[PDB]
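Single-structure report; data block below.
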Amino acid sequence: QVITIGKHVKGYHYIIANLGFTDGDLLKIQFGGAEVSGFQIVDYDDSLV
Amino acid sequence: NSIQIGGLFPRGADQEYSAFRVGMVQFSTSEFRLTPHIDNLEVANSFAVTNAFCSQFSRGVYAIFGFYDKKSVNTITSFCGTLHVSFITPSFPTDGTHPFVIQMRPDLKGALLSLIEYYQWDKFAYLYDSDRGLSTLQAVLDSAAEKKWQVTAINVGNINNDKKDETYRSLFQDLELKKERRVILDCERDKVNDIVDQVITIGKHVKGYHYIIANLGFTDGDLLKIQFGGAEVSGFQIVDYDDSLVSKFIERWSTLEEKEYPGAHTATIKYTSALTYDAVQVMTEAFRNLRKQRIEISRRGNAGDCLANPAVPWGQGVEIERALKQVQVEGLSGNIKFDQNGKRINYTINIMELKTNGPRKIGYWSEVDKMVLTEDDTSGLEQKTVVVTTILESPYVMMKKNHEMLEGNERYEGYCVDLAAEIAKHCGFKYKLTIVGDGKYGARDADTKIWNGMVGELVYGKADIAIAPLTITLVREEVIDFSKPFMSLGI
Amino acid sequence: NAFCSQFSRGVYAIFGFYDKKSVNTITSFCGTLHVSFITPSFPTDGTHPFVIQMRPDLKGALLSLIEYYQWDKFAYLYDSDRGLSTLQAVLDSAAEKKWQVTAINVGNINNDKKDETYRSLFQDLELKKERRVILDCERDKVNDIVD
Ligand SMILES: NS(=O)(=O)c1cc2c(cc1Cl)N[C@H]([C@H]1C[C@H]3C=C[C@@H]1C3)NS2(=O)=O
């Protein structure tokens with residue numbers, strides 16, 4: 001709904017309070033201009049991971 | 001009289017072919033019938049066009065209907081001007097006046113020039129598609145030179161699919177260099193629905209931008225994407241849904257089965273299919289008028305090779321085209337008339353602007369008359385120029401010597417004039433400078449409390465505000481109010 | 001007619017010229033029938049098979065000349081008959097290098113008016129007082145316009 005009403009330009013800023021930050025969709029607002037940060041507990045770089 | 005005709009159709013124009021099948025029996029059969037031999041073949045290969053054309057000429061039909069592409073228009077004109085066979089099409093208009101070609105699409109270019117002059121731009125960009133031709137590009141550049149415009153045209157059409165997510169980003173970021181604000185698109189609906197999606201992904205549909213679609217099916221594409229945006233989108237329609245026969249065809253079209261006619265069980269329709277439906281009307285009116293004048297079209301023999309050296313044609317087709325240019329009926333686009341060549345005249349195009357509730361019209365444009373807006377003034381909130389009363393006093397409020405040549409708020413000059421300009425600058429409202437009638441400051445009446453002068457103009461709701469040399473007293477706070485005092489004085 | 005006639009004659013190698021209106025016809029026939037065609041005419045745009053063409057490209061050298069003379073603002077007079085490929089080409093570089101380009105068609109003017117129409121054209125150029133002109137025509141139109 002944000003991307004429909006056009007509120008993801010440069011200037012805005014967003015914080016997701018979850019654990020699966022990339023577990024949701026992010027290709028929508030990736031190229032926007034806004035800046036999005038969050039949190040992960042599952043780091044894909046590790047060996048057993 | 002089942003008369004042999006020929007039909008050319010691309011492999012994918014299913015809505016148009018189904019609309020042709022609808023219009024076939026939508027009105028016919030008190031008389032002559034038609035023999036449509038259909039060729040669901042391609043349009044890019046002019047060799048394929050040639051093969052289909054010589055096949056239908058070996059059939060020996062009396063008229064051929066279909067589409068064409070820009071890589072085939074020369075082939076169609078070259079064979080038709082030779083063999084005198086009248087050809088009718090809904091496609092983009094030809095450039096040169098050619099004989100034996102009747103073309104169903106109206107012009108766009110004069111309308112588009114009218115629209116640009118109405119919005120009064122000076123500088124913009126112009127994304128075009130090569131595969132629809134460049135006639136509009138040639139047209140806009142001349143008037144751009146004359147009307148001192150600054151045009152940044154860019155080809156976009158030859159971009160492949162596999163890079164068609166980053167090409168557009170590079171393109172619009174190059175448009176960000178000059179900080180473009182005004183775009184004209186000129187594409188097919190597929191390219192429109194691609195480019196709007198890429199714009200809405202990169203976030204360029206806020207308030208500030210502005211867009212113009214150069215097509216005929218303005219609402220035939222998707223508009224729920226950028227409807228709530230902030231940007232402003234305008235276009236053009238030739239199929240107006242408000243009319244009686246239009247809505248009759250809408251109901252008749254919506255009630256049909258999708259399985260029998262693909263792409264038919266919807267609410268709206270393509271303008272191409274609409275012109276196909278009207279083409280059946282014209283094509284039947286032709287043979288109707290020939291049986292009115294009782295002129296026999298007996299071929300009286302077979303046709304032969306399309307490569308006949310030299311081939312000799314038959315001028316009853318010239319009389320066919322002569323009767324074709326005189327047809328004047330009503331249809332989905334409205335009234336139709338033709339020139340001496342096969343181009344449409346006497347048409348009308350509605351200007352369609354997108355709003356929050358959805359699309360709406362603001363005016364029409366004719367073949368001869370310019371843009372006539374329909375005066376649709378739904379602006380319910382107008383900031384009223386507030387009532388500012390004062391009195392002439394030097395140097396508070398003074399006349400100017402050239403007040404007759406000047407107008408209104410420009411006529412007055414003084415300390416109060418400058419002050420009122422400052423107040424209106426700081427508060428953002430509109431105002432109009434007026435004068436008290438009786439020429440008094442104002443006091444109350446004995447026994448009736450009738451405040452005259454500038455007092456009763458504010459007491460009795462007449463005037464809105466008074467920036468003027470007025471003195472704060474005790475007897476004036478009861479009826480009106482004052483700000484903090486701004487200039488000291490005494491008797 | 002000529003092409004079908006000579007293929008009925010059983011030609012092994014076809015040669016000839018073409019204008020802008022027959023180009024699709026020739027490339028369509030040659031792509032189908034796989035017959036080697038050779039030409040000195042204007043080069044095409046899409047990569048088409050069985051078409052060998054002697055006339056070299058011009059657009060890169062012309063752009064290079066533009067960069068060498070180091071211009072920003074100029075007029076460009078073109079004819080349609082030879083094609084519009086260079087017109088499409090220079091406008092992209094105009095968008096990139098932020099040039100001020102004025103392009104005007106000349107090719108439709110009939111011979112009965114080619115003393116005053118050109119005069120009106122140059123007066124409209126003098127409304128901006130252009131100084132840098134690229135002509136793009138054939139030799140006949142060049143000799144007609146320089147006079
Ligand atoms: N020197 S003068 O008469 O023009 C003049 C007189 C006045 C001025 C400013 C000026 Cl320049 N502002 C004051 C206001 C400012 C603040 C303090 C009192 C009022 C609020 N009122 S005033 O005392 O009427």
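Within each chain, counting starts at residue 1; across the structure tokens, chains are named A, B, ... in the order shown, with ligands numbered 1 upward in that order.
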
- prompt: Residues at most 10 Å from residue 312 of chain B, counting only C-alpha atoms, excluding those fewer than 6 positions away in the same chain, as an MDAnalysis selection string?
  reply: chainID B and resid 82:84

query: Taking only C-alpha atoms and all ligand atoms into account, which residues are within 9 Å of ligand 1, as a PyMOL selection string?
result: chain B and resi 484-489

- prompt: Neighbours of segment 189-204 of chain B within 7 Å (only C-alpha atoms; same-chain residues fewer than 6 positions away dropped), as number ranges by chain?
  reply: A: 6, 8-9, 28, 31-32; B: 221-222

query: Which is closer to residue 435 of chain B than all the others in B:418, B:225, B:393, B:108, using only C-alpha atoms?
result: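 Comparing B:418, B:225, B:393, B:108 against residue 435 of chain B, the winner is B:393.
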
Taking only C-alpha atoms into account, produce a table as a Markdown table in which each residue of segment 227-327 of chain B with an atom at most 6 Å from an atom of segment 13-24 of chain B appears once, together with its shortest atom pair and the distance in Å to one decimal, ordered by chain and rising number.
| residue | atom | partner | partner_atom | distance |
| --- | --- | --- | --- | --- |
| B:261 | CA | B:18 | CA | 5.5 |
| B:263 | CA | B:15 | CA | 5.4 |
| B:273 | CA | B:16 | CA | 4.5 |
| B:277 | CA | B:23 | CA | 5.3 |

- request: Can you work out which one of A:5, A:26, A:49, A:42 has the shortest atom-to-atom distance to residue 227 of chain B, counting only C-alpha atoms?
  value: A:5

- request: Write out as an MDAnalysis selection string all residues of chain C that DSSP puts in helix (DSSP H, G or I) for this structure's backbone.
  value: chainID C and resid 2:9 23:33 59:69 85:96 111:113 117:126 139:146

message: Residues near residue 429 of chain B, anyone? I mean within 8 Å using only C-alpha atoms, not counting same-chain ones fewer than 3 positions away, as a ChimeraX atom specification.
response: /B:383,385-386,424-425

Same residues, N, CA and C atoms, saved as a short mmCIF file (atom, residue, chain, number, x, y, z; two decimals), in the first residue's frame:
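Result saved to result-v6.cif:
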data_model
loop_
_atom_site.label_atom_id
_atom_site.label_comp_id
_atom_site.auth_asym_id
_atom_site.auth_seq_id
_atom_site.Cartn_x
_atom_site.Cartn_y
_atom_site.Cartn_z
N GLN B 383 -10.44 29.89 -3.11
CA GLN B 383 -9.99 30.84 -2.10
C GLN B 383 -10.45 32.23 -2.50
N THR B 385 -11.04 36.06 -2.89
CA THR B 385 -10.33 37.32 -2.71
C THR B 385 -11.07 38.13 -1.66
N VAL B 386 -10.47 38.26 -0.48
CA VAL B 386 -11.20 38.77 0.67
C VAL B 386 -11.46 40.26 0.53
N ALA B 424 -0.75 39.82 3.34
CA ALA B 424 -1.20 38.77 2.44
C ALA B 424 -0.06 37.83 2.07
N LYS B 425 1.17 38.35 2.01
CA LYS B 425 2.32 37.47 1.78
C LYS B 425 2.54 36.54 2.97
#

- prompt: Within 9 Å of segment 157-159 of chain B, counting only C-alpha atoms, which residues qualify if same-chain residues fewer than 5 places away don't, as a list in words?
  reply: residues 127, 128, 129, 130, 131, 164, 167, 187 and 191 of chain B

- request: Write out as a PyMOL selection string all residues of segment 327-384 of chain B that backbone DSSP assigns to strand (DSSP E or B).
  value: chain B and resi 330+335+337-338+344-345+348-354+359-366+372-373

Would you write out those residues with N, CA, C and O atoms, as a JSON list (two decimals), in the first residue's frame?
[["chain", "number", "residue", "atom", "x", "y", "z"],
["B", 330, "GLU", "N", -23.50, 6.65, -38.83],
["B", 330, "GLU", "CA", -23.08, 6.84, -37.45],
["B", 330, "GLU", "C", -22.54, 5.53, -36.91],
["B", 330, "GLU", "O", -23.02, 4.46, -37.27],
["B", 335, "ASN", "N", -19.92, 10.20, -35.97],
["B", 335, "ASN", "CA", -20.11, 10.42, -37.39],
["B", 335, "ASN", "C", -18.81, 10.19, -38.13],
["B", 335, "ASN", "O", -17.72, 10.38, -37.59],
["B", 337, "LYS", "N", -16.97, 10.88, -42.14],
["B", 337, "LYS", "CA", -16.94, 11.39, -43.50],
["B", 337, "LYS", "C", -15.55, 11.17, -44.05],
["B", 337, "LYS", "O", -14.58, 11.03, -43.30],
["B", 338, "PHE", "N", -15.44, 11.15, -45.37],
["B", 338, "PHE", "CA", -14.19, 10.85, -46.03],
["B", 338, "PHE", "C", -13.74, 12.03, -46.88],
["B", 338, "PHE", "O", -14.52, 12.94, -47.18],
["B", 344, "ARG", "N", -10.19, 9.91, -43.06],
["B", 344, "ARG", "CA", -11.39, 10.27, -42.34],
["B", 344, "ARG", "C", -11.37, 11.74, -41.98],
["B", 344, "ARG", "O", -10.36, 12.28, -41.53],
["B", 345, "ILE", "N", -12.51, 12.39, -42.21],
["B", 345, "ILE", "CA", -12.78, 13.72, -41.71],
["B", 345, "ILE", "C", -14.09, 13.65, -40.94],
["B", 345, "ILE", "O", -14.74, 12.61, -40.89],
["B", 348, "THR", "N", -14.51, 13.57, -33.91],
["B", 348, "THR", "CA", -14.46, 14.30, -32.65],
["B", 348, "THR", "C", -13.77, 13.43, -31.61],
["B", 348, "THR", "O", -14.07, 12.25, -31.50],
["B", 349, "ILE", "N", -12.84, 14.03, -30.87],
["B", 349, "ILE", "CA", -12.02, 13.30, -29.91],
["B", 349, "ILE", "C", -12.16, 13.94, -28.54],
["B", 349, "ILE", "O", -12.01, 15.16, -28.40],
["B", 350, "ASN", "N", -12.44, 13.12, -27.54],
["B", 350, "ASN", "CA", -12.64, 13.58, -26.18],
["B", 350, "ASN", "C", -11.32, 13.59, -25.42],
["B", 350, "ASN", "O", -10.54, 12.63, -25.50],
["B", 351, "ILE", "N", -11.09, 14.66, -24.67],
["B", 351, "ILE", "CA", -9.89, 14.80, -23.85],
["B", 351, "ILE", "C", -10.18, 14.22, -22.48],
["B", 351, "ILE", "O", -11.08, 14.68, -21.78],
["B", 352, "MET", "N", -9.40, 13.23, -22.08],
["B", 352, "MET", "CA", -9.68, 12.45, -20.88],
["B", 352, "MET", "C", -8.56, 12.66, -19.87],
["B", 352, "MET", "O", -7.40, 12.34, -20.15],
["B", 353, "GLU", "N", -8.91, 13.18, -18.71],
["B", 353, "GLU", "CA", -7.97, 13.37, -17.62],
["B", 353, "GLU", "C", -8.29, 12.41, -16.48],
["B", 353, "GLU", "O", -9.46, 12.17, -16.15],
["B", 354, "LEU", "N", -7.24, 11.85, -15.88],
["B", 354, "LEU", "CA", -7.40, 10.92, -14.77],
["B", 354, "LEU", "C", -7.47, 11.69, -13.46],
["B", 354, "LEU", "O", -6.65, 12.56, -13.19],
["B", 359, "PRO", "N", -11.20, 8.13, -14.38],
["B", 359, "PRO", "CA", -11.13, 8.95, -15.58],
["B", 359, "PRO", "C", -12.36, 9.82, -15.71],
["B", 359, "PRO", "O", -13.43, 9.52, -15.18],
["B", 360, "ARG", "N", -12.19, 10.93, -16.43],
["B", 360, "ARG", "CA", -13.27, 11.85, -16.72],
["B", 360, "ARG", "C", -12.86, 12.70, -17.91],
["B", 360, "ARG", "O", -11.68, 12.76, -18.27],
["B", 361, "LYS", "N", -13.84, 13.35, -18.52],
["B", 361, "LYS", "CA", -13.58, 14.21, -19.66],
["B", 361, "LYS", "C", -13.62, 15.67, -19.23],
["B", 361, "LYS", "O", -14.26, 16.04, -18.24],
["B", 362, "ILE", "N", -12.88, 16.49, -19.97],
["B", 362, "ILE", "CA", -12.88, 17.93, -19.77],
["B", 362, "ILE", "C", -13.21, 18.69, -21.04],
["B", 362, "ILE", "O", -13.49, 19.89, -20.98],
["B", 363, "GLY", "N", -13.19, 18.05, -22.20],
["B", 363, "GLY", "CA", -13.48, 18.75, -23.43],
["B", 363, "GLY", "C", -13.33, 17.85, -24.62],
["B", 363, "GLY", "O", -12.90, 16.69, -24.52],
["B", 364, "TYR", "N", -13.70, 18.40, -25.77],
["B", 364, "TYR", "CA", -13.61, 17.70, -27.04],
["B", 364, "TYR", "C", -12.74, 18.49, -28.00],
["B", 364, "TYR", "O", -12.43, 19.67, -27.78],
["B", 365, "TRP", "N", -12.37, 17.83, -29.08],
["B", 365, "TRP", "CA", -11.61, 18.46, -30.15],
["B", 365, "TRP", "C", -12.15, 17.93, -31.46],
["B", 365, "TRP", "O", -12.39, 16.73, -31.60],
["B", 366, "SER", "N", -12.35, 18.82, -32.43],
["B", 366, "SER", "CA", -12.96, 18.45, -33.69],
["B", 366, "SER", "C", -11.92, 18.42, -34.80],
["B", 366, "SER", "O", -10.75, 18.76, -34.61],
["B", 372, "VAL", "N", -12.24, 22.60, -27.34],
["B", 372, "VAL", "CA", -13.36, 23.22, -26.64],
["B", 372, "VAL", "C", -13.54, 22.42, -25.36],
["B", 372, "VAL", "O", -14.06, 21.30, -25.38],
["B", 373, "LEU", "N", -13.09, 22.99, -24.25],
["B", 373, "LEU", "CA", -13.38, 22.43, -22.95],
["B", 373, "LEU", "C", -14.87, 22.54, -22.65],
["B", 373, "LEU", "O", -15.53, 23.50, -23.06]]

Which residues, written as a PDB file with N, CA and C atoms, in the first residue's frame, have at least one atom at most 9 Å from residue 29 of chain C, with only C-alpha atoms counted and residues fewer than 5 positions away on the same chain left out?
ATOM      1  N   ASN B  45       6.220 -10.185 -42.433  1.00  0.00           N
ATOM      2  CA  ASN B  45       6.770 -10.717 -43.676  1.00  0.00           C
ATOM      3  C   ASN B  45       5.919 -10.230 -44.837  1.00  0.00           C
ATOM      4  N   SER B  46       6.475  -9.304 -45.610  1.00  0.00           N
ATOM      5  CA  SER B  46       5.770  -8.810 -46.779  1.00  0.00           C
ATOM      6  C   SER B  46       5.669  -9.868 -47.860  1.00  0.00           C
ATOM      7  N   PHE B  47       6.583 -10.843 -47.869  1.00  0.00           N
ATOM      8  CA  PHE B  47       6.405 -12.000 -48.739  1.00  0.00           C
ATOM      9  C   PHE B  47       5.159 -12.782 -48.355  1.00  0.00           C
TER      10      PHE B  47
ATOM     11  N   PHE C   3      11.646  -9.198 -59.922  1.00  0.00           N
ATOM     12  CA  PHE C   3      12.348 -10.175 -59.113  1.00  0.00           C
ATOM     13  C   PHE C   3      11.815 -11.577 -59.351  1.00  0.00           C
ATOM     14  N   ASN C  24      11.995  -3.440 -47.688  1.00  0.00           N
ATOM     15  CA  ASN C  24      11.377  -4.549 -46.988  1.00  0.00           C
ATOM     16  C   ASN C  24      10.984  -5.645 -47.953  1.00  0.00           C
ATOM     17  N   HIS C  34      16.499 -17.267 -50.142  1.00  0.00           N
ATOM     18  CA  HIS C  34      17.914 -17.545 -49.880  1.00  0.00           C
ATOM     19  C   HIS C  34      18.779 -17.265 -51.109  1.00  0.00           C
ATOM     20  N   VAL C  35      18.589 -16.074 -51.664  1.00  0.00           N
ATOM     21  CA  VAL C  35      19.285 -15.644 -52.867  1.00  0.00           C
ATOM     22  C   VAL C  35      20.176 -14.469 -52.493  1.00  0.00           C
TER      23      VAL C  35
END
